[PDB]
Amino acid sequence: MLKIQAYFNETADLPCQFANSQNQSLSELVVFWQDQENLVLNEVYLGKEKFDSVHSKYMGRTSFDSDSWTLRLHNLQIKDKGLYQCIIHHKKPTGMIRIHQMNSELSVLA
């Protein structure tokens, strides 16, 4: 289990741990990040960020980097500690197929 540690009011990079052996391009994928309570942190629909699914709890605090397949969670709260998940779908003309998953344990120290 990937364990991350950051401090209160600081920042954290939640790793998606996607080698991309599938060699997909972002324009063909749908990337989601949700917390232990299945709340959306960030969503990148076929390459474009979609904020109408993001929970207010995260509005303005996330930023996804495709180069590293990492979501950056800003302005950490002691309440942000917990388990997070990266979920990547390959959107086929039909619908979607899940091709990846990873969890990260974020510890926020005061």
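Throughout, we count residues from 1 along the sequence that is shown.
Segment of higher mean CA temperature factor, 44 to 52 or 59 to 67: Mean B over CA atoms: larger for 44 to 52.
Stretch with the higher entry mean CA B-factor, where the candidates are 25 to 33 and 81 to 89: Stretch with the greater average CA B-factor: 25 to 33.
Within-chain third of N20 by Cα B-factor, per the entry: According to the entry, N20 has a C-alpha B-factor in the chain's middle third.
Third of the chain, ranked by Cα B-factor, where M96 sits: Answer is highest: the recorded C-alpha B-factor places it there.
Relative C-alpha B-factor of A12, binned into the chain's lowest, middle or highest third: Its C-alpha B-factor belongs to the lowest third of this chain's values.
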